[PDB]
2 protein chains.
Amino acid sequence: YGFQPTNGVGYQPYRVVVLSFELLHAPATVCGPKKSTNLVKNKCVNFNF
Amino acid sequence: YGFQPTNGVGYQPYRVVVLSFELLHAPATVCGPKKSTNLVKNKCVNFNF
């Protein structure tokens, strides 16, 4: 490449990172920043296991 | 000013310094990196006093 500060856009260097994920293939090990609550039972509730 | 990294040439900021100086109108004090030598006498030489 010929990266020079004089060159306009379309030639200035750019940094690129691509992120790829799995889709529920095993016990997931990279979760989100959520707060696990207690464990209720015998009640009509909605869960996020 | 509207300095943005996407701006083309002719709009990116430039740093400028101008140097002015008197042409020996008094005993000068700002010399260069030259080294003073010893003094000789009674011999035809050239000097930079």
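Per the deposition metadata, cryo-EM was the technique used to determine this entry, at a resolution of 3.4 Å.

Asks: Before we move on, could you go through the overall build of chain A and cite the residues and values that matter?
Replies: On a plain count of helices and strands, chain A comes out with 0 helices and 0 strands. Summarising its shape, the C-alpha atoms of chain A cover approximately 70 × 20 × 15 Å along the three principal directions. Here chain A, with 49 residues, has 0% of them falling under the buried criterion. For chain A, the exposed surface amounts to about 6000 Å²; the carbon and sulfur share of it is 61%.

Asks: Any details on the packing of aromatic side chains? Residues and values, ideally.
Replies: Applying the stated criterion across every chain, the model contains 4 aromatic pairs over all chains. Between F47(A) and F49(A) the ring centres are 5.8 Å apart and the planes differ by 75°, which places this aromatic pair in the edge-to-face class.

Asks: Help me get a handle on the relation of the copies chain A and chain B, residues and values and all.
Replies: Between chain A and chain B, which share one sequence, the superposing operator has a rotation angle of 177° and an axial displacement of 0.3 Å; the RMSD is 0.6 Å. Taken together, the rotation angle and the small translation identify this as a two-fold axis. Taking the C-alpha atom as reference, chain A places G8(A) closest to the rotation axis, 2.7 Å from it.

Asks: Help me get a handle on the interface of chain A and chain B, residues and values and all.
Replies: Listed per partner, the contact involves 4 residues of chain A and 4 residues of chain B. Summed over both sides, the interface of chain A with chain B buries roughly 200 Å², with 43% coming from carbon and sulfur. Where chain A touches chain B, the interface holds 0 salt bridges. If you look at where chain A meets chain B, you find 0 residue pairs in polar contact. Looking at the side of chain A that touches chain B residue by residue, the class counts come to 2 nonpolar, 2 polar and no charged.

Asks: Break down unusual backbone geometry for me, citing the residues and quoting the values.
Replies: With a phi close to 50°, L24(A) is a non-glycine residue in the positive phi region. For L24(A), a relative accessible area of 74% puts it in the exposed group.

Calculation notes
- Residues numbered from 1 in each chain as written, not as in the entry; some residues may be left out.
- Chains lettered and ligands numbered in written order.
- Part of a larger assembly, values for the part shown.
- Heavy atoms only, no water.
- Helix = DSSP H or I, 4+ residues; strand = E, 2+ residues; numbered from the N terminus.
- Buried < 20%, exposed > 50% of the residue type's maximum accessible area, 1.4 Å probe, protein only.
- Areas by Shrake-Rupley, 256 points an atom, 1.4 Å probe, with all protein chains shown as cover.
- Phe/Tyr/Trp six-rings, centres within 6.5 Å; stacked < 30°, edge-to-face > 60°.
- Least-squares fit on C-alpha atoms.
- Contact = heavy atoms within 4.5 Å.
- Buried area = accessible area lost by both parts, 1.4 Å probe.
- Salt bridge = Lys/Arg side-chain N within 4 Å of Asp/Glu carboxyl O.
- Polar contact = N/O pair within 3.5 Å; in protein donor to acceptor, adjacent residues only side chain to side chain.
- Nonpolar A, V, L, I, M, F, W, Y, C, P; charged D, E, K, R; others polar.

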